[PDB]
Amino acid sequence: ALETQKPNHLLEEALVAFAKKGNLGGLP
Numbered sequence: 003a004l005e006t007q008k009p010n011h012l013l014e015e016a017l018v019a020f021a022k023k024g025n026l027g028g029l030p
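Numbering (the numbering used here), first residue to last: 3 to 30.
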């Protein structure tokens, strides 16, 4: 969407957003 810095960061942030919350008891 706006990968001007770090490619596919739009999707990874969403992935991390879940991790830094409760990624099935992983990546706290």
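The beta carbon of each residue, even a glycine, is placed where N, CA and C say it ideally should be.
Open item on the list: Once DSSP output is grouped into helix, strand and coil, what is the label at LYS23?
Closed with: It is helical.
Task: C-alpha distance - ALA3 paired with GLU14, whole-angstrom precision - done: Put simply, the backbone Cα of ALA3 is about 12 Å away from that of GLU14.
Open item on the list: Using 8 Å for Cβ pairs, my map puts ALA21 next to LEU29. What's the rounded Cβ distance?
Closed with: That pair is a contact at about 4 Å.
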